Each structure stands twice: as C-alpha cells, then as structure tokens.
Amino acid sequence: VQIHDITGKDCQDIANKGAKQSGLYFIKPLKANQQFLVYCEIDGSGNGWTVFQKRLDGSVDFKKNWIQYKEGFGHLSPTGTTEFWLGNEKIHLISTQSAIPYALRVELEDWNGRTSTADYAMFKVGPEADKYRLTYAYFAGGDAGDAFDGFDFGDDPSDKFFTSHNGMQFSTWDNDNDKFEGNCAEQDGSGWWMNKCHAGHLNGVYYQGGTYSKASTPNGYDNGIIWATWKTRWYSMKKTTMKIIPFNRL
C-alpha cells in the first residue's frame, strides 16, 4: 500500500497544496466523521479528480446489495488498475460538501482503443433518506453523448421518458426504488440509478469483446456496460471511469 500524506476535502484540494502524483490519498469531506482513502487522478495542469468508480477487466462482480453499494467494494490500488465502487455514502459526502459545485466526468473506453467523455455540471448524490438520488443541472458535453437524458431505443414512445437518469433514486436488487413494476436492478444484475430501466448503465455485466447477444442473458436483458448514446445497447465497454472535480476546473 502507499497512501500519500497531503490530505484535503477532496482531490482538488489535494492538488492545490502541491501533490503532483496520481495515487492513494486520504480526504475527509466536510461531514465525514473520519478520513478515507480515495484514488486521485492528478494531471499536469493541477486538475485533481476524485475517482469513485472504475471498470477495466471483470475482476469484481457488480451485483452487490444495498449495504455493499452504500459502503463500497472492490479494491483501491496506487497504480489505478483495480475495479471498485467507492461507496454511495462517500460519494454523497463529497459531492454535497459546502455546496461546492461539482462536475461529473464519465470516461469510456472501447475494445478498439477509442476513449469518449461525457460531462455533467453540478452533479450531486443525495443522502440515504432519499435513496442516494442522482441529480445534476445540465450536460456539459463530450463525445459519448448524453445517455443520462434518456434514449429512444425505438421499442416505445415513452422509451426516452423511461430511460432518463436525472432525479432517479439508487436501486439494488434488494432495494427497488425504480419506476418499473419489476425490479430493474435485480434483472440486470447491478446497482444503479434505475428508471425503466436505463440508457446509461456502467455497473452492468462485463462482457468480453464488447458485442454481445440477447442470448448471453436468458431473459433477454440488455445488461452490459452500455452508454446508449455512444454505442449500441449490445456493446459492453472495455473500461469506464466516473470521477468528480469542482466545476470551475472545466
């Protein structure tokens, strides 16, 4: 292990104090009773992103329950080569500290080497009392497209209405808070901000190769790691990163 000494409210505070290496740092957001390890992605321009989700090789099963998604799972590595979910409580403590305006960057990688981005301005994750609801002001751009706005796959007219993510509470197979009369989290095997059900799903099943069929899932669920706006629902991503930085850094 190798956590760095400089600490802060987040990874940007950390970069502001001079840290120039990406790695494990301790941070203690405004309402954190205690500090905690995070992986900071620090680029040359002083930008310090607090990474809260990472997918890259299929080593961790993302079908976890409420308490597991609340507390975090997977492993943090100084080299940034492990998969993990920081925890809904920590993501909440950071994104809502001191009303600081945060931007969320979703970074995606192909099975063909191509990387795409999608930024969301004023990103926040509510408290447990409101089931860690996801809310943001507006899409700030990026080539991955805006999957969080919903998507008209074609299946129905209300598809868009039903696959948008803004305002959605979090759902795990054992804590269904979606807008579907079935259980989305349970049938797609993940923990996510489900509507009915999704156009962007980064905690889905890791499918080797990207392209996958309706058969690879007996009940025809499109449950891969998809971002409807960039790739087909039958294309599971190679790598995904969800990280946050104060809006002004954009």
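C-alpha atoms forming the largest set that superposes within 1.5 Å between two forms make up the rigid core. We number the residues from 1 along the sequence you see.
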After fitting on the rigid core, pick out whichever of 213-221 or 25-33 shows the bigger RMS C-alpha deviation in 7 other deposited structures of this protein. 213-221
Find the stretch among 151-159 and 85-93 with the larger RMS C-alpha deviation in 7 other deposited structures of this protein, all structures being superposed on the shown form by the rigid core. 151-159
Averaging C-alpha B-factors over each stretch, which comes out higher, 110-118 or 129-137? 110-118
The stretch whose C-alpha atoms carry the larger average B-factor in the entry, 81-89 or 152-160, is 152-160
For the CA B factor values reported in this entry, which option in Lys214, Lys196, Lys64, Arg55 has the top one? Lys214
Out of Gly204, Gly200, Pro29, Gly48, residue topping the C-alpha B-factor column of the entry: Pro29
Against its chain's modelled residues, does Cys40's Cα B factor rank lowest, middle or highest third? middle
Within this chain's modelled residues, let me know which third the CA B factor of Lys124 belongs to: lowest, middle or highest. middle
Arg105 - which third its CA temperature factor falls in, relative to the rest of the chain: lowest
Sorting the chain's modelled residues by C-alpha B-factor and splitting them into thirds places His75 in the middle
Among the modelled residues of its chain, does the C-alpha B-factor of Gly191 lie in the lowest, middle or highest third? lowest
